[PDB]
Amino acid sequence: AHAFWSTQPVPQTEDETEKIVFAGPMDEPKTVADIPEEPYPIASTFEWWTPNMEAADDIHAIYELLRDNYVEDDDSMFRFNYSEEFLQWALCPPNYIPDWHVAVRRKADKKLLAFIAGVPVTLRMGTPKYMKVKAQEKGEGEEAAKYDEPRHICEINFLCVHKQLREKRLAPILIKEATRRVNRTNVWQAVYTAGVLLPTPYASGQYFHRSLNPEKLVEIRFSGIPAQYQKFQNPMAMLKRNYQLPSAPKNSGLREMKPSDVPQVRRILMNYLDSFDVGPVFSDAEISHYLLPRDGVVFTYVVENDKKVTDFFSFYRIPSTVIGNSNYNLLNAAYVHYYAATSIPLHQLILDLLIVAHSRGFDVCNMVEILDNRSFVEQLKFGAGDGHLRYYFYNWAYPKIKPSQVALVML
Ligand SMILES: CCCCCCCCCCCCCC(=O)SCCNC(=O)CCNC(=O)[C@H](O)C(C)(C)COP(=O)(O)OP(=O)(O)OC[C@H]1O[C@@H](n2cnc3c(N)ncnc32)[C@H](O)[C@@H]1OP(=O)(O)O
Ligand SMILES: Cc1nn(C)c(C)c1N(C)S(=O)(=O)c1c(Cl)cc(CCCN2CCN3CCC[C@@H]3C2)cc1Cl
């Protein structure tokens, strides 16, 4: 049923994943020297290209490919429009490997036809807590703990094939060449997410959405007017009233994050994320890169009291092109990023996130039900959406876990 994925080191069915008890690799052990030195063969009219994602025109080329060809909703009403500044941020974290950014161009005119990107991440991906309990009962604690040390792996994102080249088996070639380049760097696992169902997720979470500009969301058919609103004479004014938010944050001591906050934010974030079965481990440099504010891209606020950072939240911007409605070009979405609360309830912290996002002109706040995101859904008027985000490993057997045991945000 899967001419490509059946040949790959991933669990092949849900029934197989249901039987996995310990974390660990799936493929035969290999070394860098076993991996082909030469790029994977591609047809003569095409060439491999490694873009320089710190060069403005290379970023712009990838930006255009994604703008016109990346993920759409199922009704082709919206398509992600990640900005050039966002792409540079997401693709060039500390110690990133340029060779892991893989493109295909038409050799004749250098037209960009396809892209896939990998970035390094340090991930805790050892056997989850519930399976360690079973392992202990069975005398298998050592094997269950074998791969507990955080692992330096690849995170894959931004797979895209031009619309005119679809269903020609180019995606498997891109994946194969990315795998080769990552393996040549002595890295053997990857983590990736998708909205679609592939073999075989270790976790899946529903998307949730918080209306910030409901009149726009209804107009573009992102949101509907619930049936119960028809019992009122003006359902739209009632809708706006329901979603209204304060004009300024409520938490005393909230301010934008600054460079000197990096060590404190690292400590509180790492203390929080260590409670989840799967999660990243961030250095100071990675905290700085992923969390310090960048205009139009990432927004991060801390709660400071007694000159100490006790809480923080972050969100990032991904607009989507509104394909079918001529009255609006873009849907401006804020996505919940990392956060940590030690002094206030999480719903009180995330209310300030919604306020800041609304004040800055965002139309909706999106998130997946990872981390403790479910704990503020009802209080802050998030609604479940149609979409899901499925989490996958390449070359890593892993038991099924709930999305609330996942602490890795994927951009
Ligand atoms: C150690 C290091 C390892 C590094 C790599 C780790 C693995 C990373 C894996 C990538 C993680 C990416 C994470 C994200 O970015 S998820 C976002 C994916 N991008 C989009 O949805 C953008 C719009 N769509 C496209 O650009 C294309 O339709 C794509 C590129 C998605 C498929 O192109 P096309 O439509 O022209 O099809 P084909 O004829 O070339 O190929 C068909 C084969 O492709 C399999 N397919 C379809 N969709 C996906 C998908 N989203 N992940 C993995 N495989 C997918 C499909 O099952 C079939 O295989 P099989 O069913 O026959 O077996
Ligand atoms: C406004 C809007 N624009 N677009 C393009 C869509 C679909 C919408 N919606 C309608 S949606 O409700 O907001 C929504 C929906 Cl249905 C489904 C999904 C499934 C995940 C898609 N990918 C896969 C690759 N990447 C991994 C990490 C981020 C990214 C997520 C995501 C969303 Cl974000």
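The basis for the numbers below is simple: all heavy atoms, side chains too, and nothing from hydrogens, waters or symmetry mates. Sequential numbering from 1 along the given sequence is applied to the chain's residues.
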Legend entry - Worked check of ring-ring contact (aromatic ring centres under 6.0 Å, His included) between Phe158 and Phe115: CA-CA 7 Å; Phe158 304 112; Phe115 183 64; 7.1 Å; no
Inset, instruction - Kindly determine whether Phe362 and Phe315 satisfy ring-ring contact (aromatic ring centres under 6.0 Å, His included), including the steps that lead there. - result: CA-CA 11 Å; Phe362 288 86; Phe315 65 95; 5.5 Å; yes
Inset, instruction - Decide side-chain hydrogen bond (donor to acceptor under 3.5 Å, both in side chains) for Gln189 and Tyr394; before the verdict, give the C-alpha distance in whole Å, the side-chain angles of both, and the deciding distance to 0.1 Å. - result: CA-CA 5 Å; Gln189 280 77 51; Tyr394 184 90; over 6 Å; no
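Counted within 6.0 Å of CZ on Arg255, heavy atoms from surrounding residues, nucleotides or ligands total more than 12; the atom is thus considered enclosed. Under a cut-off of 6.0 angstrom, the local environment of CG in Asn95 is sparse, with at most 12 non-hydrogen atoms contributed by other residues, nucleotides or ligands. By the neighbour-count criterion of 12 heavy atoms within 6.0 Å, atom CZ of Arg166 is densely surrounded, having more than that number from other residues, nucleotides or ligands. No more than 12 heavy-atom neighbours from other residues, nucleotides or ligands sit within 6.0 angstrom of NZ on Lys308. Within 6.0 Å of CZ on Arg360 lie more than 12 heavy atoms contributed by other residues, nucleotides or ligands. For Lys400, the NZ atom sits in a packed shell: over 12 heavy atoms of surrounding residues, nucleotides or ligands are nearer than 6.0 Å. More than 12 heavy atoms of other residues, nucleotides or ligands lie within 6.0 Å of CG in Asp109, so this atom counts as buried by the packing criterion. The local environment of CG in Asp74 is sparse, with at most 12 non-hydrogen atoms from other residues, nucleotides or ligands closer than 6.0 Å.
In this structure the side chain of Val265 reaches within 4.5 angstrom of the side chain of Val309, judged on heavy atoms. Within the 4.5 Å cutoff, the side chain of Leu411 has heavy atoms near those of the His337 side chain. At least one side-chain heavy atom of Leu65 sits less than 4.5 Å from a side-chain heavy atom of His162. At least one side-chain heavy atom of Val406 sits less than 4.5 Å from a side-chain heavy atom of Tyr391. Residues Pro235 and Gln230 have side chains in contact (heavy-atom distance under 4.5 Å, counting atoms from C-beta outward). Within the 4.5 Å cutoff, side-chain heavy atoms of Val409 are placed close to those of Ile370.
Using a 4.0 Å cut-off between a side-chain N of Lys or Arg and a carboxylate O of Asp or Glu, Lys110 and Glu47 do not qualify as a salt bridge. Under a 4.0 Å N-O distance rule, the pair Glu72/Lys163 qualifies as a salt bridge. Salt-bridge formation is not detected for the pair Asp352/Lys250: no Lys NZ or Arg NE/NH1/NH2 atom is positioned less than 4.0 Å from an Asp or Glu carboxylate oxygen. Under the 4.0 Å criterion applied to side-chain N and carboxylate O atoms, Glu177 and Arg180 are assigned as salt-bridge partners.
Under the 3.5 Å distance criterion, with hydrogens and angles disregarded, a donor-acceptor pair is assigned to the side chains of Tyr272 and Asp372. Side chains of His388 and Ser204: no donor on one and acceptor on the other come within 3.5 Å. Checked by atom type, the side-chain pair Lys30/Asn183 shows no donor-acceptor distance below 3.5 Å.
Screening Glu84, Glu85, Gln88 for a side-chain contact (heavy atoms from CB on, under 4.5 Å) involving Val297 leaves a single residue, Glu85.
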